[PDB]
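Peer 1: Enclosed are the sequence and the experimentally obtained structure.
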Amino acid sequence: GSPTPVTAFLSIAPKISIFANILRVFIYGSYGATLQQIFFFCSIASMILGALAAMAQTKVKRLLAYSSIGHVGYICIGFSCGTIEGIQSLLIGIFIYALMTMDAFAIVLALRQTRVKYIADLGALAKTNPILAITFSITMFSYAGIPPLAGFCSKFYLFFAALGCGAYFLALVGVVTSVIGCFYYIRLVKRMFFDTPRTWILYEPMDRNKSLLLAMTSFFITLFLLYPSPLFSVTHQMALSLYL
Amino acid sequence: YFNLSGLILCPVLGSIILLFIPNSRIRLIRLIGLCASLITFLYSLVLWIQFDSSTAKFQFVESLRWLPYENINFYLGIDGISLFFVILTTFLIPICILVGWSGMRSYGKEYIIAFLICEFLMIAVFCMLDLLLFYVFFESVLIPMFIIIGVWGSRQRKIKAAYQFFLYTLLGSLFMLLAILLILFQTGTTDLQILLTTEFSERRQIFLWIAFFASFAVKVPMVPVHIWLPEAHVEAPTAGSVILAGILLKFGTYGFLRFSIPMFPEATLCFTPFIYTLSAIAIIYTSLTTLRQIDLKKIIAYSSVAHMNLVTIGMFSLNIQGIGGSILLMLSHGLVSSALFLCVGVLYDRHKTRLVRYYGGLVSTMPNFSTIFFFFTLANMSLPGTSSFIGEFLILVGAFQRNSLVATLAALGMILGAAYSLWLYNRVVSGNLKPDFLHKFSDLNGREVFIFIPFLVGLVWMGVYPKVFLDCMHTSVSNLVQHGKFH
Amino acid sequence: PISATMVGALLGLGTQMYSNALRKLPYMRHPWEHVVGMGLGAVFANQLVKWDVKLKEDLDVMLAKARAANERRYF
Amino acid sequence: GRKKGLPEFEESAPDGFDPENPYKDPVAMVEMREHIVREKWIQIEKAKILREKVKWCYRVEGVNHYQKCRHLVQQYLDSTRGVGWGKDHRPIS
Amino acid sequence: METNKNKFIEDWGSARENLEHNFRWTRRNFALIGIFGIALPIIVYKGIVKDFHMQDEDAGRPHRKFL
Amino acid sequence: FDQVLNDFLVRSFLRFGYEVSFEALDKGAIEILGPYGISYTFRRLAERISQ
Ligand SMILES: CCCCCCCCCCC(CCCCCCCCCC)(CO[C@H]1O[C@@H](CO)[C@H](O[C@@H]2O[C@@H](CO)[C@H](O)[C@@H](O)[C@@H]2O)[C@@H](O)[C@@H]1O)CO[C@H]1O[C@@H](CO)[C@H](O[C@@H]2O[C@@H](CO)[C@H](O)[C@@H](O)[C@@H]2O)[C@@H](O)[C@H]1O
Ligand SMILES: CCCCCCCCCCCCCCCCCC(=O)O[C@@H](COC(=O)CCCCCCCCCCCCCCC)COP(=O)(O)OCC[N+](C)(C)C
Ligand SMILES: CCCCCCCCCCCCCCCCCCCC(=O)O[C@H](COC(=O)CCCCCCCCCCCCCC)COP(=O)(O)OCCN
């Protein structure tokens, strides 16, 4: 329901601050180890239900909402395993999810010029604007967690943190939810490259600021795995600075 | 001084340059793509000459730090095993560009971009020594081949082939990834040399080996999951059908020869009979299934499955004969299957049938193609003097050093392989012509008669003098078979 | 070897032409901002490398301090 | 650089290796493996040399080959008993 | 240059391609699938494992567990 | 013997090359409970979580 720029500001700006707040509360105010249980089941439920619900949606904004819920579950995996690596994986996941959400909402705002509503309106978009189609496909794959992109690194290190604490069920549920999650992402892909509808919707060209932000984020997503050291070092310093 | 990094960078430069130029000047795009592929091929051949076959340690290593702690990093490097795969994957790509040379105006610049990205990525897979990042590049080929199959594929079932191909490489791939993470957390690094010299728990190697095999039993067409190759291979373009059966089927076997045989030696011994039974039943079942096929593509796709399954019999029989014959038959198949699928592609691009019964008695009309097809299906027979025989007989010899039952079934595989290969040859090139639906049709032009010449010369060079290939690998194979075998 | 400027300038030019293509414009519509993007990419890459070095040394100091603090329980 | 000749290798067995705990020392593992494989190949080539000697025997031997080459037959077979990576008979080096 | 592709061929070709719609777990075919899916793999597995066991018996070495 | 051998080996293998494998293996049981035969429960499971 909310306007597109509002939803763009939401799910990035609020979630980062609230997650930092939860980190501060969890690390200090929680010593009974009772928040492991509440984060465990809720993150598992978020993973499962986001993966199983985003596949049944036909609009775009609902799909982004359920993808956000799924990524919230993926990030919350880090709370259950309370270690330096767990918080590191959590923060890295937040960073990557924020970049991918900015890119995806830039895509959505780009097609908002002609009032895109459903997922079928972006049919045969590889013909009218091939390069925007490539950018959207890359961002969708980054959401999926395909290796040669950012977003795979975040899920990777979240799984590493989950396995470090011995929460073997968290790793398995993460894997299966990722498997289903990639399916409807590729389903989004098919309607946007392969099958061509009879009626084509024409989108007017974009402006420079959105295009520049989109290009920067797209080059960050693809080439992240080449040089990921600065993010990892920032995150390791941040995780340790909670105490010293 | 030509290093390993320049070979990796050449396709990257060719792709980046190709994006700069527009699509109107189509001749420039095809010319630059072919030139980049050919210079990469020449660079790969140059790397062959300066390869020390005496030492057991790895050749040129380029280390680029990945994690801030240098815990894991890009550790490139070739050995006796990885060198020939690099040469083959550099050799196949220019052929891929050349087959669809006429239709380049219909495909566009995305086609060559995708193929050069595939060349880069496939080179990066074979010549690297980091177990985790090798996994990253190992299924990184999902995106480019998904694009290649889907965008230019079948009529309307192209969507289903892409989904089956993409689905079979998810559950097993991530179940392997779990083992990757357990290995990383247990030891501490994913460097191959470090991981080789580690004491793994006796009960632990079983789980890790099973996880590795689960993601390699899908790339190698094992008994449970091998139905993707026929359907997703018929519903594929001809240049996408010549690397799918030329390189991708090598990832599972190469992964077995790199991160499965050394790291888990006694687990390999304990799981040896099970692999033998799977490979034997795969050979027999595929041989019996392929002799009642009418699809022009699956008829040799099943031959590819049979050859790949026969590879594992001697690949898992720890022996210098077995492993050497394994890689020799692997290269031989990478050539012969590629040649067969190019023949099927040229047959299909004229008539557009994708059947077997339509063609018949065309020897009087296309004699050159008849001779070339005869030579290729003759190599598929595994004649001595051809590529397949030396490797395949070496596999039989090596397995019969270990066991006497299963590889006799492997040899029984060829009692029907040759039979249905010549029978398939005689469906098409023999008999009287049927000019009821074969009104007009031509023979190979200058392009596709020259494209087979490298295949012919490589095939005969394999057949008559394979000593040069065995020369560079006997150190690496012997080091592989003796690892963790102190006595 | 690449000196963090042959990659930063190339990424700047690439992102300039990338944003230029997303608006369905000719790739070299405004070469002055192409040069601006090259310079910006080079500067950003150099700053990233320097910040990475500083960040790694500070992280090493933090790990040393944490290890020293954790060691005190045994002694 | 290159020695432009045969690849000279150290005949001396590497030090610091213990059969009871081989995995304790990783840096000494690879050269011991290389030495073992090199010695196995030495045995393989010795067997091949004996095979060549009997090869050249059988031509000159004539009808009564058993009489004057029986001694070399045992020498060739004992080499083939401890061959490399072969049949079920694994040598204990 | 494209073939005439007479109508009485593509139907059989698709029937061979689309055979997945004809399977109803008939008892005779259930036994047929079961035997070649399990028994023959089991029989051959026993064959190889006993071949290894008999090979190891002559040499006198203890049998590997072979799980 | 030119008829007994044919009908008893070549005919038998020709029939059973397809009859068993192509029917009750490959595409089939590994497909009905595999990729898209009946494991595609998500399509039937799509309209139950939006309640
Ligand atoms: C995003 C896609 C990335 C694709 C490129 C991948 C190709 C890999 C090359 C990437 C690349 C630049 C990164 C570019 C990122 C793109 C810009 C992103 C935004 C675009 C707008 C980093 O590559 C090197 O950087 C080194 C930095 O230290 C690191 O070495 C580790 O560091 C230690 C840590 O403390 C570790 O403890 C230790 O183990 C290692 O020593 C490693 O990261 C790596 O070796 C290339 O190297 C470049 O950085 C340095 C190194 O010399 C050079 O400048 C230096 O400056 C002074 C130092 O202040 C030095 O005094 C001076 O001598 C030198 O001149 C450059 O000339 C150039 O060589
Ligand atoms: C692994 C391989 C090992 C080596 C095997 C070599 C064995 C020979 C392989 C080729 C055999 C010939 C089969 C070719 C296809 C047969 C049908 C055909 O197409 O024949 C062609 C070509 O005929 C030939 O056979 C020429 C091919 C060369 C045959 C001789 C081979 C000699 C070289 C191979 C052996 C060299 C020695 C060994 C090398 C180390 C045309 O025949 P025409 O008489 O022109 O009929 C005309 C058609 N029409 C009526 C419709 C107008
Ligand atoms: C990461 C590694 C890979 C990426 C590497 C990046 C390389 C470095 C960046 C290179 C960028 C080169 C771009 C060429 C210079 C173009 C400058 C043009 C500026 C300009 O024309 O001004 C306005 C354009 O808006 C604007 O351009 C200003 C808005 C720009 C938005 C930037 C937002 C930065 C803050 C957020 C950063 C991302 C945070 C993510 C967590 C007027 O435009 P006009 O005159 O054409 O007409 C009006 C349309 N409105």
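Peer 2: Sure, I can see it. Residues are numbered from 1 along each chain as shown, chains lettered A, B, ... in the order given. Ligands and ions are numbered 1, 2, ... in the order given.
Peer 1: Report whether the helix or strand hosting residue A:63 contacts chain F.
Peer 2: When elements are defined using DSSP states H and E, residue A:63 is found to belong to helix A:61-80. No: judged by Cβ under 8 Å from any Cβ of the partner chain, helix A:61-80 makes no contact with chain F; its nearest approach is 9.7 Å. For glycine as for every other residue, the C-beta is placed from the backbone atoms N, C-alpha and C.
Peer 1: List the buried residues for that helix?
Peer 2: For helix A:61-80, a neighbour-count test (16 or more other Cβ atoms under 10 Å in any protein chain shown) marks A:61, A:63-80 as buried.
Peer 1: Give me the neighbour count for residue B:308.
Peer 2: Close neighbours of residue B:308, defined as other Cβ atoms under 10 Å in any protein chain shown, add up to 28.
Peer 1: I'd like to check which residues are in contact with it.
Peer 2: By Cβ atoms under 8 Å, 6 or more residues apart in numbering or on different chains, residue B:308 lies in contact with B:220, B:221, B:249, B:252, B:253, B:333.
Peer 1: Sort out for me which of the residues you listed are in helices.
Peer 2: Under the assignment DSSP state H, the contacts of residue B:308 contribute B:249, B:252, B:253, B:333 to helices.
Peer 1: of all the residues you listed, which two lie farthest apart?
Peer 2: Taking Cβ to Cβ as the measure, the ones in helices among the contacts of residue B:308 span a maximum distance of 13.0 Å, between B:252 and B:333.
Peer 1: who has more neighbours, those two?
Peer 2: The residue with more neighbours, out of residue B:252 and residue B:333, is residue B:333; 27 against 24, by other Cβ under 10 Å.
Peer 1: Pick out the residue of chain A closest to chain F.
Peer 2: Evaluated by Cβ to the nearest Cβ, chain A has residue A:56 as its residue closest to chain F, separated by 3.9 Å.
Peer 1: what separates that residue from residue A:180, distance-wise?
Peer 2: 11 Å (Cβ to Cβ, to the nearest Å).
Peer 1: any idea whether the residue in chain E that chain F sits nearest to is helix, strand or coil?
Peer 2: Among the residues of chain E, residue E:33 lies closest to chain F, at 3.6 Å counting by Cβ to the nearest Cβ. Assigned with DSSP: H, G, I helix; E, B strand; the rest coil, residue E:33 falls in the helix class.
Peer 1: what residues are up against the residue of chain B found nearest ligand 1?
Peer 2: Using Cβ to the nearest ligand atom, residue B:65 is the residue of chain B that sits closest to ligand 1, at 4.7 Å. Going by Cβ under 8 Å, 6+ apart, residue B:65 touches A:229, B:73.
Peer 1: For the residue in chain C positioned nearest to chain F, which non-adjacent residue is spatially closest?
Peer 2: In chain C, no residue comes nearer to chain F than residue C:22, which is 33.9 Å away by Cβ to the nearest Cβ. Take residue C:22 and drop its neighbours on the chain: the residue closest to it by Cβ to Cβ, 6 or more residues apart in numbering or on different chains is residue A:211, 4.3 Å away.
Peer 1: Relative to residue F:50, how far out is the residue of chain A closest to chain F?
Peer 2: Relative to residue F:50, residue A:56 is positioned 6 Å away (Cβ to Cβ).
Peer 1: Compare neighbour counts for the two and give me the winner.
Peer 2: residue A:56 (18 against 9).
Peer 1: For the more buried one, what are phi and psi?
Peer 2: Backbone geometry at residue A:56, expressed as degrees, to the nearest 10, gives phi -100, psi 0.
Peer 1: Next one: it from residue B:109, what distance?
Peer 2: 37 Å.
Peer 1: Centre-most residue in the chain?
Peer 2: I'll assume chain A. Per Cα atoms, centre = their mean, the C-alpha nearest to the average position across chain A is that of residue A:97, at 3.9 Å.
Peer 1: quick revisit: so which two of the contacts of residue B:308 are the farthest from each other?
Peer 2: Between any two of the contacts of residue B:308, the greatest separation by Cβ to Cβ is 13.0 Å, found for B:252 and B:333.
Peer 1: quick one: the residue of chain B closest to ligand 1 and residue C:45, what's the gap?
Peer 2: Taking Cβ to Cβ as the measure, residue B:65 and residue C:45 are separated by 16 Å.
Peer 1: State the number of residues packed around residue A:3.
Peer 2: By other Cβ under 10 Å, the residues close to residue A:3 number 9.
Peer 1: same check, this time on residue B:127
Peer 2: 26.
Peer 1: try residue D:56
Peer 2: The burial metric for residue D:56, expressed as a neighbour count using other Cβ under 10 Å, is 10.
Peer 1: Spell out which parts of chain A neighbour ligand 1.
Peer 2: Contacts of chain A with ligand 1, taken as Cβ under 6 Å from any ligand atom, map to A:223, A:226, A:227, A:229.
Peer 1: Buried residues in the longest helix belonging to chain F, which are they?
Peer 2: With DSSP H applied, the helix covering the greatest number of residues in chain F is identified as helix F:11-19. Residues of helix F:11-19 classed as buried: F:17, F:18 (neighbour count, 16+ other Cβ under 10 Å).
Peer 1: quick one: it near chain B?
Peer 2: Yes: using Cβ under 8 Å from any Cβ, helix F:11-19 comes into contact with chain B via F:13, F:14, F:16, F:17, F:18.
Peer 1: Check which helices and strands that helix sits against.
Peer 2: Under the contact criterion of 3 or more Cβ pairs under 8 Å, 6 or more residues apart in numbering or on different chains; DSSP states H and E, helix F:11-19 touches helix B:272-290.
Peer 1: Recalculate using a threshold of 10 Å.
Peer 2: Packed against helix F:11-19, as judged by 3 or more Cβ pairs under 10 Å, 6 or more residues apart in numbering or on different chains; DSSP states H and E, are the following elements: helix B:272-290, helix B:406-428, helix E:27-34.
Peer 1: Quick check: buried residues in the shortest one?
Peer 2: What that stands for is helix E:27-34. Neighbour counts using 16+ other Cβ under 10 Å place E:32, E:33 of helix E:27-34 among the buried residues.
Peer 1: Distance from stretch D:8-21 to the middle of the chain?
Peer 2: Centroid separation for stretch D:8-21 versus its chain: 17 Å, with Cα atoms, centre = their mean, to the nearest Å.
Peer 1: Can you get me a residue count around residue 2?
Peer 2: I'll assume chain A. 10.
Peer 1: Can you look at chain C instead?
Peer 2: Applying other Cβ under 10 Å, we find 9 residues neighbouring residue C:2.
Peer 1: mind checking the SS state of it?
Peer 2: Local secondary structure at residue C:2 is given as coil here, using three-state DSSP.
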